[PDB]
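The structure under discussion appears below in the form of structure tokens.
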Amino acid sequence: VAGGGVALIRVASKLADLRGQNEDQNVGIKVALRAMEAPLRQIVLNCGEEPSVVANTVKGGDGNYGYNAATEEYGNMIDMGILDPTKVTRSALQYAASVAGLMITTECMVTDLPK
Amino acid sequence: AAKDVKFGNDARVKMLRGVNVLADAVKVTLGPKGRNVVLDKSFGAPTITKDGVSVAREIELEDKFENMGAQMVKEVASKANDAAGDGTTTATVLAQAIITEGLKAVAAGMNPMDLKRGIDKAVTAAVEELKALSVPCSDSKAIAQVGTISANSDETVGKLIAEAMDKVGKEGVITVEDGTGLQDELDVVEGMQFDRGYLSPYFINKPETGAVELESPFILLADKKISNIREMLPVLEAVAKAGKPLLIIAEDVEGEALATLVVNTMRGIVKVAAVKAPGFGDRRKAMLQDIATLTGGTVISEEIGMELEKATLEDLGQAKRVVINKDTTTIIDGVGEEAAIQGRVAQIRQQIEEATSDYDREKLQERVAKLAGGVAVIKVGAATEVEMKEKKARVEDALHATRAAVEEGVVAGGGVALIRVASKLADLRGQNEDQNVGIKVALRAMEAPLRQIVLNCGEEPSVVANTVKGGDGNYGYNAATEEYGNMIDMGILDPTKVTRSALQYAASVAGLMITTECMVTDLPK
Amino acid sequence: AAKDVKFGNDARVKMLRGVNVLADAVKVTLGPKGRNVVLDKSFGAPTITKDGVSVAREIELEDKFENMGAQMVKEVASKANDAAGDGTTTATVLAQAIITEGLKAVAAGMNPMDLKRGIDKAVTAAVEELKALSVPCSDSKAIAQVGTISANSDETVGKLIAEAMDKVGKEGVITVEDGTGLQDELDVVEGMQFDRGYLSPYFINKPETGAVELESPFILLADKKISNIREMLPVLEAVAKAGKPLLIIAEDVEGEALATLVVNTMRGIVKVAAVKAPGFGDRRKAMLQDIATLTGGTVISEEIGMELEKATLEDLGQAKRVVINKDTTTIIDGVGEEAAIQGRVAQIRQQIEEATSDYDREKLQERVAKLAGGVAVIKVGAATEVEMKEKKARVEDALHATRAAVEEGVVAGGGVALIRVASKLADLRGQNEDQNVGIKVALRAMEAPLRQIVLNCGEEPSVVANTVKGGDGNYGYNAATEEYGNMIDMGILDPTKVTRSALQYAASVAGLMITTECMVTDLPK
Amino acid sequence: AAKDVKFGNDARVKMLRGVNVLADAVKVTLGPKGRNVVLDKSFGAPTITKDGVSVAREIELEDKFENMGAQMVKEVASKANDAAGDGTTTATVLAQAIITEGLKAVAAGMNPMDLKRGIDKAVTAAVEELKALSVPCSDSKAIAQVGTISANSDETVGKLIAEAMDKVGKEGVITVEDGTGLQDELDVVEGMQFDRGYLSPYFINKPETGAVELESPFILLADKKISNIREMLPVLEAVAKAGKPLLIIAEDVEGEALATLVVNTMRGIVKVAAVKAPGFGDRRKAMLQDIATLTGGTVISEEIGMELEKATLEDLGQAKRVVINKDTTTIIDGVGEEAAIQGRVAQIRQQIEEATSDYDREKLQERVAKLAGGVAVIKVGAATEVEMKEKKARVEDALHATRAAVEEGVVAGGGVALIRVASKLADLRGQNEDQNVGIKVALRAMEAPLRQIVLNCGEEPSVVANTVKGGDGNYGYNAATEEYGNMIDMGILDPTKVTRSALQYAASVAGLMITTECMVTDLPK
Ligand SMILES: [Mg+2]
Ligand SMILES: [Mg+2]
Ligand SMILES: [Mg+2]
């Protein structure tokens with residue numbers, strides 16, 4: 001799939017109408033969708049460009065169209081040769097959401113005393 | 001007193017921390033989705049306001065260096081409001097932006113003087129671009145539209161202002177007063193206006209407008225400098241008995257005399273205000289006599305051998321109303337006989353024929369224009385007193401906006417005019433690299449107003465700013481409705497004078513602060 | 001002075017901490033099982049009260065930001081009591097609930113302005129739902145019932161109020177005085193009432209009601225602004241000799257004149273009160289002559305050339321009693337000749353015939369209604385003086401409740417009306433998700449009054465709230481008897497005006513506080 | 001262990017503080033009027049040195065972030081000395097200059113990556129300019145001149161080096177040893193040199209040159225990785241009895257085997273050093289056997305089934321001297337019979353005939369050149385032992401200088417070549433403004449060496465720097481004599497390799513440090 005973090009922002013854009021059983025779940029959805037932009041924005045931030053503007057333009061397009069962070073031009077990311085294995089992007093998201101879900105639902109922590 | 005002296009970077013960051021407190025306090029109120037500021041009053045409940053000027057007045061800091069920084073920007077930013085009736089907040093936000101990026105550059109080791117000269121070059125260029133972008137406001141239809149937009153989409157206000165400007169002209173004098181019923185009124189009366197403000201800000205009795213309003217006052221006409229109250233006592237006691245306020249127009253009031261009249265008005269033993277007589281030299285003496293004839297008083301000139309001690313309340317002229325602000329004094333409805341005034345006018349026109357110089361003819365022509373022209377008086381009517389006072393305020397505010405619109409036109413509001421103008425000056429360069437940075441500092445600072453407005457709305461400043469640069473002319477972002485289009489058509493505009501004044505004043509103080517190497521103030525204790 | 005400036009979340013928590021102190025102090029008194037609050041005075045034993053208004057006025061906090069928070073809610077919550085005679089405590093509890101949940105949402109990163117817009121939309125909807133829920137109070141039977149319920153199940157009070165409103169009408173003026181024996185009295189006399197309150201809260205001599213009562217006072221009628229005490233010395237000295245109190249009705253009393261009169265009354269050398277003249281412009285001059293004919297005084301207009309220094313006792317009008325509060329001035333039993341008043345009335349009924357405008361005839365119809373209508377005077381009787389004063393208080397309190405009930409009807413009390421209306425607005429939405437949260441904040445806040453009442457009773461708020469939502473109409477939980485049923489039937493009700501006013505004022509200040517980004521106050525020391 | 005983590009600017013100023021301590025300590029020694037640094041050792045009187053390398057090795061800081069800054073610059077600056085035999089101090093002063101100005105730019109808000117790319121572009125360009133400015137050093141006359149200048153104007157040293165290079169060629173191997181009397185000696189012996197350095201810096205027994213020098217050592221040749229010392233014990237014990245040092249040439253020596261050998265050498269129970277065998281794969285196996293034939297030892301290959309435990313003293317080869325530094329190993333005067341070596345050479349020349357590939361022939365030709373070529377040995381003679389050791393040091397130092405001069409030529413010394421090259425790159429630009437600043441940072445940094453030299457002399461850096469830019473070519477300022485002229489003619493020069501290496505290594509770390517956003521280190525605990 002398209003690399004440079006645009007695959008995650010692409011699929012998040014397709015899931016705007018996704019809802020759950022209640023309002024709390026709906027927020028949980030929007031939290032996840034908004035988090036899927038974090039990789040792209042960070043890549044763009046490291047380049048010294050505005051994350052908001054690039055994220056905005058990438059959402060505008062469809063498919064594997066995105067922002068090549070190296071050359072600072074938009075186009076088909078697969079064609080330009082900026083890609084990731086689907087397994088990588090999938091795995092990264094699922095593992096991220098796994099630990100995030102556990103931490104959000106943590107009410108108690110037990111550890112040894114400072115000294 | 002022993003002084004605390006700071007230098008260089010140490011001094012400049014103190015100023016910057018001061019300007020930040022001011023700017024950050026005022027800039028929250030900017031735009032249609034502007035936030036509230038709560039101002040404390042230890043005699044009742046606190047004020048909740050979205051007026052950036054009200055907030056600015058309150059700002060004073062404990063650190064004396066930080067305070068100096070805040071007071072410098074306040075001083076200059078307020079001059080924008082004095083000129084155009086708007087854009088103190090804008091001037092403050094611009095100043096913050098220019099100083100912040102200016103000091104970054106100074107720390108990067110660039111010459112302050114070159115930075116200043118680069119900023120100034122970008123501003124001169126930007127002002128010319130504002131002229132180009134400006135849509136004129138000439139015909140009565142347009143005057144009504146601008147008055148309507150300025151008065152919160154109220155067509156009755158636009159109509160009032162247009163009718164008033166039709167009576168006395170575009171360069172005419174227009175007053176606003178309380179109405180006496182539901183009906184609005186428009187009358188022209190014997191009056192005059194000259195460019196002399198109050199001689200103390202402590203005389204202000206209407207703090208909203210920042211002006212002194214005297215109802216049915218006596219006017220003292222002195223052709224001397226009053227430094228002592230000793231010579232004023234027989235006159236002050238004769239007006240205290242008549243129980244009416246007093247305007248003094250002298251060559252100057254200063255020293256003992258000023259201080260005493262400040263404290264008396266504040267305590268409220270006698271309501272008094274003071275302004276310099278208009279002009280200087282021979283022409284001052286002549287204009288004092290013009291006001292004398294208008295007001296039906298006699299000038300008390302020490303040159304023919306009159307003393308202020310022997311002055312009686314017969315000598316003082318009187319009008320229905322006087323309004324003084326920081327720059328101007330307006331005398332409204334003088335009690336002068338039409339015989340005397342028309343006689344004075346005929347006497348001036350005689351001198352125009354005998355005048356040898358062009359300069360002399362022009363000066364005499366602007367004296368006759370004052371006497372002959374008079375003063376328009378808009379009485380604002382409404383159903384309830386609360387509605388009447390509210391509408392009056394909108395009329396005064398719209399009047400100032402429309403006056404400014406007539407002078408220099410209108411440009412896209414919402415901070416769009418500045419960002420548009422800045423986008424046209426990408427290729428502007430200076431004498432060296434340091435000046436080039438000074439330019440880019442200014443151009444980047446011109447986005448600050450828009451971005452802040454967009455930030456207050458809760459939208460991304462960068463994205464909006466980006467889209468607005470894409471278009472051309474008066475195309476911009478309506479922050480209220482969240483749609484792009486022609487800003488003038490959508491009715492979001494500013495007088496070109498406002499935007500111009502805000503930028504020039506902002507760049508003035510910013511340039512001075514960037515080129516400050518030393519500060520001196522009293523020590524904390 | 002140097003200021004302390006706070007921003008954003010840091011500022012908003014301070015205000016919330018402040019409102020919590022106010023709300024928590026006042027809300028303990030809410031409901032039939034309300035708790036006592038002990039208020040300290042350093043002249044005697046401390047006061048024990050269940051009056052939330054008494055508690056609120058005492059609350060002032062040391063932290064100047066926290067204080068500003070408390071004073072803002074006090075200011076606005078008190079306007080609920082001014083309008084309807086109840087619901088300051090309710091407004092405070094609502095304000096706390098809206099602010100708390102509002103600020104949680106702001107911290108979650110939702111736009112304050114949208115939250116406000118959502119709250120406001122929920123309120124507008126809720127007010128209409130209150131209109132729908134409202135049971136009218138028209139017939140004199142119903143009036144007596146509401147008066148009885150308001151006066152702590154005393155049927156004598158209900159009868160008194162019903163009989164009074166039967167004589168002077170529903171929109172008639174009704175006064176309450178001390179009785180002269182066991183029997184109650186009811187008399188209609190020459191009188192008037194206009195919407196102008198005291199010009200200084202320091203005139204208040206009956207602090208419980210928060211009102212100025214003057215017994216057999218002279219009334220000064222001046223058609224000018226009084227700024228100096230110099231011009232009212234001959235009149236004040238003439239009033240001191242007669243040893244009667246003085247009411248001043250002028251265009252305005254401000255500055256040194258106001259200050260001097262405030263101090264004089266507090267020292268107690270002369271008892272005086274000042275109010276603005278009713279209306280503005282030409283209509284003011286007319287109404288100032290109406291009170292002149294009623295009292296049997298003459299207006300001291302400077303327009304036809306009369307001075308205040310040449311005003312004797314005979315120029316002042318007089319009445320048997322004047323009652324002034326924050327909004328209203330009532331003139332009771334004037335000494336005007338029936339000939340003069342009936343003549344003035346006939347004169348105005350002449351002008352109604354010659355009136356061209358509908359607006360002119362309705363304004364003249366107001367003035368005739370005041371002069372012709374007069375004022376009802378209830379003299380409350382009892383066995384002892386202690387019982388008499390106690391009953392009088394309940395009559396005044398029930399009178400305001402009944403007046404409000406006549407205007408807008410009655411709804412289920414005990415905080416049930418609010419929770420009922422909130423349950424009907426589950427499907428209300430706004431323009432975006434932020435506004436939707438604003439709605440849910442408001443809806444959830446409307447339960448706060450009920451829950452607090454239930455909490456004070458020692459029952460579970462969530463369970464009761466749950467059951468009340470289950471039912472429909474004016475079915476609710478009687479907190480006194482711990483039974484469910486028709487709240488109106490069980491005699492637990494509020495005037496619709498009270499509940500409405502409390503909600504709208506609560507939402508007003510809450511909306512402003514949520515959209516506050518900056519606060520400015522003096523420095524701790 | 002728990003870590004201390006710093007980010008962004010906070011991290012980068014720490015590194016700069018660390019680099020400053022290093023650079024400031026080392027840069028005082030720079031130039032002909034360089035100052036002394038006193039280095040404390042707690043076993044005698046302190047060292048007084050003008051050797052910037054000696055100073056650098058001592059520098060270690062308490063603050064762990066500052067230390068990291070210093071250690072990074074040390075690490076790479078030392079690579080300059082490894083390559084060319086000079087310019088660690090120059091590399092350090094350059095690095096300081098690039099980092100200082102680089103971080104000023106980063107704080108001004110310029111993209112670190114672009115700054116780095118601008119710096120790198122300026123350096124690539126500057127290296128090309130150095131090649132253009134370079135005067136070749138080819139003929140034997142020039143060899144002697146450079147050797148003389150490098151050996152402190154001693155013509156005997158220049159001749160010695162020239163005569164040595166005449167014997168074994170320009171790409172020949174040359175050693176320097178202690179003399180046995182007054183006369184100098186030059187002999188060519190059976191030896192070899194390969195590009196593998198010590199496997200631990202703790203093997204260094206000559207800390208001044210930073211080298212391992214073993215006298216009459218045994219050489220162990222193992223075709224395996226040695227991880228455990230257990231397999232080494234029978235060989236180590238046999239060597240301890242003969243009482244001679246041991247060189248281990250294996251595939252690799254790591255883990256417990258390395259650690260044990262490090263501790264044993266530092267204790268001094270057996271003096272031992274370890275290096276990797278040259279090359280990799282099949283080429284490695286062949287070259288191990290080349291060393292075996294040369295030293296007259298046997299390769300212990302586990303491939304054909306030999307164990308290291310059954311290795312006796314006869315299996316080890318021996319030479320008269322081995323010299324190992326960070327990059328190179330030189331085996332001097334092996335005890336291999338001339339029959340066996342010439343036989344091995346003849347055997348390889350046979351394989352050249354049978355070789356099909358050109359790559360194979362070139363690789364075989366390298367191996368023949370090593371075996372057949374041998375090693376030149378200069379024995380330096382003098383009257384006293386003190387004079388002999390002193391001259392020997394100057395010869396070693398001049399030899400490295402001359403070798404470098406032969407490879408890439410010479411350019412103007414005294415920091416002139418860098419300032420000259422920088423002056424020719426004024427019009428160099430990049431892809432954006434950030435890269436342009438990156439270029440100007442680098443060009444301005446290239447002046448740092450000259451300015452520091454001039455500062456140490458007590459003259460004004462800016463004035464001298466200004467004059468040197470005025471001229472062209474190898475015209476510059478002789479800091480010793482305070483005269484301008486052709487720097488090469490005056491005999492103030494540097495090998496082009498030195499100046500090139502110093503600049504590239506300086507820019508290497510400066511680039512990495514500028515583009516650092518996070519640092520991780522252990523806690524102060
Ligand atoms: Mg304005
Ligand atoms: Mg009440
Ligand atoms: Mg060397």
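All residue names refer to the structure tokens as shown: chains lettered A, B, ... in order, residues numbered from 1 in each chain, ligands numbered from 1 in order.
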**OP:** Excluding residue 193 in chain D and residues on its chain fewer than 2 positions from it, collect all residues at most 12 Å away from it, counting only C-alpha atoms, and give them as a ChimeraX atom specification.
**Re:** /D:171-175,190-191,195-197,277-278,287,290-291,294,322-325,327-334,366-367,369-371,373-376
List as CSV every residue of chain D that is in contact with ligand 3, defined as an atom at most 9 Å from one of its atoms (using only C-alpha atoms and all ligand atoms), together with the nearest atom pair and the distance in Å rounded to one decimal, sorted by chain and then rising number.
```
residue,atom,partner,partner_atom_place_in_ligand_line,distance
D:81,CA,ligand 3,1 (Mg),7.1
D:84,CA,ligand 3,1 (Mg),7.5
D:85,CA,ligand 3,1 (Mg),4.0
D:86,CA,ligand 3,1 (Mg),4.4
D:87,CA,ligand 3,1 (Mg),8.0
D:150,CA,ligand 3,1 (Mg),8.5
D:396,CA,ligand 3,1 (Mg),8.3
D:397,CA,ligand 3,1 (Mg),4.9
D:398,CA,ligand 3,1 (Mg),7.0
D:399,CA,ligand 3,1 (Mg),8.7
D:400,CA,ligand 3,1 (Mg),6.4
D:401,CA,ligand 3,1 (Mg),6.3
```
Give me a file of those residues, with N, CA, C and O atoms, as a compact mmCIF listing (two decimals), in the first residue's frame.
```
# COMPACT_ATOMS: atom_id res chain seq x y z
N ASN D 81 43.75 12.51 11.88
CA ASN D 81 45.14 12.27 12.22
C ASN D 81 45.53 10.87 11.75
O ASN D 81 46.67 10.63 11.38
N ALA D 84 46.07 11.19 7.72
CA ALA D 84 47.05 12.07 7.11
C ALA D 84 48.22 12.35 8.05
O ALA D 84 49.27 12.83 7.61
N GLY D 85 48.03 12.08 9.35
CA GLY D 85 49.08 12.29 10.34
C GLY D 85 49.08 13.72 10.89
O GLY D 85 50.05 14.13 11.52
N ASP D 86 47.99 14.46 10.64
CA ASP D 86 47.86 15.82 11.14
C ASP D 86 46.41 16.30 10.98
O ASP D 86 45.66 15.77 10.16
N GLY D 87 46.03 17.30 11.80
CA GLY D 87 44.81 18.07 11.60
C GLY D 87 43.64 17.55 12.44
O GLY D 87 42.50 17.58 11.98
N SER D 150 58.73 19.46 7.23
CA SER D 150 57.96 18.71 8.21
C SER D 150 58.82 18.37 9.44
O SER D 150 58.30 18.22 10.53
N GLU D 396 59.68 10.02 11.98
CA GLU D 396 58.40 9.32 11.88
C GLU D 396 57.32 10.32 11.47
O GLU D 396 56.45 10.00 10.66
N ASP D 397 57.38 11.52 12.06
CA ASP D 397 56.36 12.52 11.88
C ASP D 397 56.46 13.12 10.47
O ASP D 397 55.45 13.36 9.83
N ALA D 398 57.70 13.34 10.02
CA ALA D 398 57.96 13.90 8.70
C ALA D 398 57.66 12.87 7.60
O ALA D 398 57.31 13.24 6.48
N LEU D 399 57.80 11.58 7.94
CA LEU D 399 57.55 10.51 7.00
C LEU D 399 56.07 10.48 6.64
O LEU D 399 55.71 10.32 5.47
N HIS D 400 55.20 10.64 7.65
CA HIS D 400 53.76 10.60 7.45
C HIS D 400 53.33 11.81 6.64
O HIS D 400 52.45 11.72 5.79
N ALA D 401 53.97 12.96 6.93
CA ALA D 401 53.67 14.20 6.24
C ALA D 401 54.01 14.07 4.75
O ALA D 401 53.24 14.52 3.89
```
**OP:** Go through range 156-396 of chain B and collect every residue that DSSP, computed from the backbone, puts in strand (DSSP E); the answer should be as JSON, numbers by chain.
**Re:** {"B": [174, 175, 176, 177, 178, 185, 186, 187, 188, 189, 191, 192, 193, 194, 212, 213, 214, 215, 218, 219, 220, 221, 225, 226, 246, 247, 248, 249, 250, 252, 253, 272, 273, 274, 275, 276, 317, 318, 319, 320, 321, 322, 323, 324, 329, 330, 331, 332, 333, 334, 375, 376, 377, 378, 379, 380]}
**OP:** Would you list the contacts of residue 315 in chain B as a ChimeraX atom specification, taking every protein, DNA or RNA residue within 12 Å and counting only C-alpha atoms, but skipping same-chain residues closer than 6 positions in sequence?
**Re:** /B:218-222,235,238-239,292-293,295-301,306-309
**OP:** Per DSSP on the backbone, filter range 141-201 of chain D down to the residues in alpha helix (DSSP H) and report them as number ranges by chain.
**Re:** D: 141-150, 155-168
Subject >> Close residues, residue 471 in chain C itself excluded, 10 Å, only C-alpha atoms, min 2 positions apart in chain, as an NGL selection string >> reply: :C and (420 or 466-469 or 473-476 or 484-486)
Output of the above residues as a PDB file, in the first residue's frame, restricted to N, CA and C atoms:
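Result file is again_24.pdb:
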```pdb
ATOM      1  N   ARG C 420     -38.394  17.545  33.483  1.00  0.00           N
ATOM      2  CA  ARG C 420     -39.433  17.121  32.557  1.00  0.00           C
ATOM      3  C   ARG C 420     -39.120  17.654  31.165  1.00  0.00           C
ATOM      4  N   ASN C 466     -34.630   9.385  38.087  1.00  0.00           N
ATOM      5  CA  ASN C 466     -34.945   8.329  37.141  1.00  0.00           C
ATOM      6  C   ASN C 466     -36.459   8.131  37.071  1.00  0.00           C
ATOM      7  N   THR C 467     -37.108   8.105  38.241  1.00  0.00           N
ATOM      8  CA  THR C 467     -38.539   7.845  38.335  1.00  0.00           C
ATOM      9  C   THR C 467     -39.329   9.007  37.728  1.00  0.00           C
ATOM     10  N   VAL C 468     -38.846  10.231  37.949  1.00  0.00           N
ATOM     11  CA  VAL C 468     -39.544  11.427  37.515  1.00  0.00           C
ATOM     12  C   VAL C 468     -39.530  11.495  35.989  1.00  0.00           C
ATOM     13  N   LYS C 469     -38.416  11.069  35.374  1.00  0.00           N
ATOM     14  CA  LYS C 469     -38.305  11.044  33.918  1.00  0.00           C
ATOM     15  C   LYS C 469     -39.289  10.031  33.336  1.00  0.00           C
ATOM     16  N   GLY C 473     -45.816  15.083  31.941  1.00  0.00           N
ATOM     17  CA  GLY C 473     -46.558  16.261  32.376  1.00  0.00           C
ATOM     18  C   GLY C 473     -46.000  16.833  33.679  1.00  0.00           C
ATOM     19  N   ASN C 474     -46.903  17.176  34.609  1.00  0.00           N
ATOM     20  CA  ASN C 474     -46.516  17.746  35.890  1.00  0.00           C
ATOM     21  C   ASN C 474     -46.534  16.662  36.976  1.00  0.00           C
ATOM     22  N   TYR C 475     -46.257  15.415  36.582  1.00  0.00           N
ATOM     23  CA  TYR C 475     -46.021  14.346  37.542  1.00  0.00           C
ATOM     24  C   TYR C 475     -44.572  14.431  38.009  1.00  0.00           C
ATOM     25  N   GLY C 476     -44.363  14.320  39.328  1.00  0.00           N
ATOM     26  CA  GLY C 476     -43.031  14.457  39.903  1.00  0.00           C
ATOM     27  C   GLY C 476     -42.955  13.915  41.332  1.00  0.00           C
ATOM     28  N   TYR C 484     -44.930  10.333  44.969  1.00  0.00           N
ATOM     29  CA  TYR C 484     -45.028  10.779  43.589  1.00  0.00           C
ATOM     30  C   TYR C 484     -46.492  11.073  43.257  1.00  0.00           C
ATOM     31  N   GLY C 485     -46.709  11.997  42.317  1.00  0.00           N
ATOM     32  CA  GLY C 485     -48.051  12.375  41.900  1.00  0.00           C
ATOM     33  C   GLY C 485     -48.034  13.675  41.101  1.00  0.00           C
ATOM     34  N   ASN C 486     -49.229  14.210  40.810  1.00  0.00           N
ATOM     35  CA  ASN C 486     -49.349  15.489  40.131  1.00  0.00           C
ATOM     36  C   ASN C 486     -48.881  16.597  41.076  1.00  0.00           C
TER      37      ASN C 486
END
```
Write out as a PDB file with C-alpha atoms, in the first residue's frame which residues come within 8 Å of range 70-73 of chain B when counting only C-alpha atoms, dropping same-chain ones fewer than 2 positions away.
```pdb
ATOM      1  CA  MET B  15      10.061  44.132  26.415  1.00  0.00           C
ATOM      2  CA  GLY B  18       5.600  42.696  28.193  1.00  0.00           C
ATOM      3  CA  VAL B  19       4.183  43.033  24.672  1.00  0.00           C
ATOM      4  CA  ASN B  20       3.168  39.348  24.808  1.00  0.00           C
ATOM      5  CA  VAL B  21       0.993  39.893  27.902  1.00  0.00           C
ATOM      6  CA  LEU B  22      -0.695  42.847  26.168  1.00  0.00           C
ATOM      7  CA  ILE B  59      -2.870  46.196  31.006  1.00  0.00           C
ATOM      8  CA  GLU B  60      -0.059  47.327  33.300  1.00  0.00           C
ATOM      9  CA  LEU B  61       2.731  44.999  34.443  1.00  0.00           C
ATOM     10  CA  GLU B  66       8.052  44.368  30.791  1.00  0.00           C
ATOM     11  CA  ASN B  67       5.690  47.258  31.531  1.00  0.00           C
ATOM     12  CA  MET B  68       7.671  49.659  29.311  1.00  0.00           C
ATOM     13  CA  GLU B  75       0.674  54.108  22.998  1.00  0.00           C
ATOM     14  CA  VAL B  76       1.241  53.516  19.285  1.00  0.00           C
ATOM     15  CA  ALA B  77      -1.575  51.018  18.731  1.00  0.00           C
ATOM     16  CA  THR B  92      -1.047  45.165  18.645  1.00  0.00           C
ATOM     17  CA  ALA B  95       3.481  44.530  16.506  1.00  0.00           C
ATOM     18  CA  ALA B 506       2.549  48.389  14.309  1.00  0.00           C
ATOM     19  CA  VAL B 509       6.931  50.625  17.379  1.00  0.00           C
TER      20      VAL B 509
END
```
